[PDB]
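Colleague: My questions will all concern the structure given below.
Cβ placement follows ideal geometry from the backbone for every residue including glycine, while neighbour counts extend to all protein chains displayed. Values quoted throughout were computed directly from the atomic coordinates according to the rules given, and no laboratory measurement underlies them.
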Amino acid sequence: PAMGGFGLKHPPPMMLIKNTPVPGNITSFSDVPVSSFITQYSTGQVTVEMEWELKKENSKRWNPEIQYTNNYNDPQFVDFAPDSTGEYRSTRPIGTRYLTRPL
Amino acid sequence: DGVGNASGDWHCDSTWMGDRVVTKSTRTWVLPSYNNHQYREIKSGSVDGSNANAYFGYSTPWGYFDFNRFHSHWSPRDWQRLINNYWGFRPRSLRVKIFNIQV
């Protein structure tokens, strides 16, 4: 795919949730369907577990490599942490390519 | 064994296996005949203004092998891999071989 990632013929499947309709007071019969319902919302917890396979580096390069580091000059906040109001801060985009290999 | 047969082979390598790392280092050395086969008494009086400089001693015909430096066993890339990923390290075992002698 153009955005990035893994292209799959059979992807992890769509998961769908709805609140069941609960009706308001009805005192008479009609063929026409009920349009009056009690107002409701739902809340809960979800857990996702994922397994990943890793490929190890086997480099023979003598000199030291480039690495991602936490490096800031005179910082006024910690990046990837909450602020005084409680809002999360994420200033930098992070890629995967820091290691080097010969062609 | 013989004039035409090699005593040993070159090994320079690092192997990483979970909690253990093994380092192999090979070098070529030269030995001078020091003191012309004799033992000499050596001594000093005060020098650069200091009596702490004064000593009495012996110089010898022999030479010695020293490996007490980290760069002797570690590549700069291998040292970066250890400092980045581990809380601590300690030494466990040492093996030494001397071979391919030429007078």
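Colleague: Give me the pairs, please: first residue somewhere in region B:75-87 and more than 10 Å from chain A (Cβ to nearest Cβ), second residue anywhere and outside any helix (DSSP H, G or I), beta-carbon distance under 9 Å, and either six or more positions apart or on two chains.
Modeller: That search, which allows pairs on different chains as well, returns B:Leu82/B:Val21; B:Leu82/B:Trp74; B:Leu82/B:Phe89.
Colleague: Let me ask another. What pairs come up if the first residue lies in region A:38-67 and is within 11 Å of chain B (Cβ to nearest Cβ), the second is assigned to a loop (DSSP other than H, G, I, E, B), and their beta carbons are under 7 Å apart, counting only those six or more places apart or on different chains?
Modeller: Here the result reads A:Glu57/A:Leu99; A:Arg61/A:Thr100; A:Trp62/B:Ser75; A:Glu65/A:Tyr98; A:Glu65/A:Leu99; A:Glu65/A:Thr100; A:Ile66/A:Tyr98; A:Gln67/A:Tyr98, each pair linking region A:38-67 to a residue that is assigned to a loop (DSSP other than H, G, I, E, B).
Colleague: Here is a further query. Restricting the search to region B:32-72, which residues are assigned to a helix (DSSP H, G or I) and surrounded by 10 or more Cβ atoms within 10 Å (Cβ to Cβ)? Don't jump to the end; show me each part of the working.
Modeller: Of all residues in region B:32-72, those assigned to a helix (DSSP H, G or I) come to B:34-36, B:51-53, B:70-72.
Result: B:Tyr34, B:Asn35, B:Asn53, B:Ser72.
Colleague: Also: Within region A:66-75, can one find any residue that is farther than 17 Å from B:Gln80 by Cα and of a type in the set (D, E, K, R)?
Modeller: Yes: region A:66-75 contains one or more residues that are farther than 17 Å from B:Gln80 by Cα and of a type in the set (D, E, K, R).
Colleague: Does B:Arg92 meet the test of being under 28 Å from A:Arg61 (Cα atoms), of a type in the set (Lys, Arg) and within 14 Å of another protein chain (Cβ to nearest Cβ)? Please lay out each step first, then the result.
Modeller: Numbers: under 28 Å from A:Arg61 (Cα atoms): yes; of a type in the set (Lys, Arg): yes; within 14 Å of another protein chain (Cβ to nearest Cβ): no.
The answer is no for B:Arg92.
Colleague: Something else about it: Which pairs turn up if I take residues in region B:39-51 that are of a type in the set (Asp, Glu) and look for partners that are surrounded by 10 or more Cβ atoms within 10 Å (Cβ to Cβ) with beta carbon separation below 9 Å, at least 6 apart in sequence or on another chain?
Modeller: B:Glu41/B:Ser59
Colleague: Also, quick follow-up: Test A:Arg61 against the criterion of being surrounded by 10 or more Cβ atoms within 10 Å (Cβ to Cβ), basic (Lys, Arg) and closer than 23 Å to B:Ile83 by Cβ, and give yes or no. Can you show your working first?
Modeller: Values: surrounded by 10 or more Cβ atoms within 10 Å (Cβ to Cβ): yes; basic (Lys, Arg): yes; closer than 23 Å to B:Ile83 by Cβ: yes.
Spelling it out, A:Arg61 is indeed surrounded by 10 or more Cβ atoms within 10 Å (Cβ to Cβ), basic (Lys, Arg) and closer than 23 Å to B:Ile83 by Cβ.
Colleague: Here is a follow-up. Within region A:76-95, can one find any residue that is within 14 Å of chain B (Cβ to nearest Cβ) and not basic (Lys, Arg)?
Modeller: Step one: list which residues in region A:76-95 are within 14 Å of chain B (Cβ to nearest Cβ), which gives none.
The answer is no; no qualifying residue exists.
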